[PDB]
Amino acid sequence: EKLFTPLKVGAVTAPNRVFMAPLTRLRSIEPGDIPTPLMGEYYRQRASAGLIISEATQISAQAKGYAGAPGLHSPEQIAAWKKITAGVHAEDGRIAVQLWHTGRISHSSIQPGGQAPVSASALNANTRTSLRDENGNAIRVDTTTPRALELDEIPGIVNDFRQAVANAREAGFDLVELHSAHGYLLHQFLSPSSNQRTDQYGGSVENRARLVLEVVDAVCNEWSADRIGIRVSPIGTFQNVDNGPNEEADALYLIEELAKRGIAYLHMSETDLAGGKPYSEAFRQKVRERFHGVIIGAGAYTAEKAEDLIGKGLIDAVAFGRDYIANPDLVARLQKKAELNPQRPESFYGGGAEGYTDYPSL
């Protein structure tokens, strides 16, 4: 089956098209937002993936929106991630780091100085984030109303993405994935629903896409375009962030701009976990004719759907999320048509080994 055939993805070659989606698990050490040996073990268990895309990782301390999410900005974080990439490479895997700034999906209590988080504009996300209680357990909390970034703060954001990509190179990641989806900072600028700015970073689609394209250019210049992927969720609503009244045209504009940079891949998150409308094959064809790198699809895929769309030439790979949580050897299971392990969603976020490294292989 095409699912188990190789694929060139920028600077690396995936041996199969079964990718591990980025999956926030909120198990990092605080203080310091530091990856752990347990996280290293979890990723090593999944190293047969065509590509592992890490959990979303902070570009800076300001980027933090969830207690337990790791960073890639401090020396201690870099040191810990080096162990994780080494372990994946020891098993002949490939790993990309997903890099985010959460923007307004955050809480003042985990921001520098205990201050309001930042965004394109000053309106509340009307979403929940996850903090930790006094015993270290994950709890759901309402997001804090953000402050609009000043114009003079925007270059610093771009620089933080640049620096985090430099750090990713040092840490031995194979690729980086920019988190431009799911209502986080880059998507907050992209969407008219979250961006009411009247300067060069809001209004028109060109203005709304300006920040993400500055970030893409900065990180391509820092490392290489064949090391850079981007995740978008440009059709539908994700965590209360829609894509405005011209979502298809605006998506195609962004994709045409991304193509000019010659980046490694475009990762399309197709639906929110709470549901959304399917992509049409016509839209997939419009994306395909505008982007000349790898296209990854995600969002409640089955192997059957993946094989269908890869066979139709519309996408190149599929990222599985929850099936990868529950099946470290998902590749082997799909190749052999074996049953999958049951999921335990109660242990997706926070905690320890249970519901993390205790899902068995065949």
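A residue's number is simply how far along the shown sequence it sits, counting from 1. Take the two forms, superpose them, and find the largest set of C-alpha atoms that agree within 1.5 Å; that set is the rigid core.
Superposing on the core and measuring CA offsets in 7 other deposited structures of this protein, the stretch of 172-180 and 272-280 with the greater mean deviation is 272-280. The deposited model assigns a higher average Cα B-factor to 304-312 than to the other stretch when 304-312 and 322-330 are compared. If you average the C-alpha B-factors over 111-119 and over 131-139, the higher value belongs to 131-139. Based on the entry's C-alpha B-factors, the most elevated value among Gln163, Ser74, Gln98, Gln196 belongs to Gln196. In this structure the maximum Cα B-factor among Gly93, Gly183, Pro245, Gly172 is found at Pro245. Per the deposited record, the Cα B-factor of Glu206 falls in the highest third when ranked against the other modelled residues of its chain. Among the modelled residues of the chain, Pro192 sits in the highest third by CA temperature factor in this PDB entry. Per the deposited record, the Cα B-factor of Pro146 falls in the middle third when ranked against the other modelled residues of its chain.
When the modelled residues of the chain are ordered by C-alpha B-factor, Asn159 sits in the middle third. Sort the modelled residues of the chain by CA B factor and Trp223 lands in the middle third.
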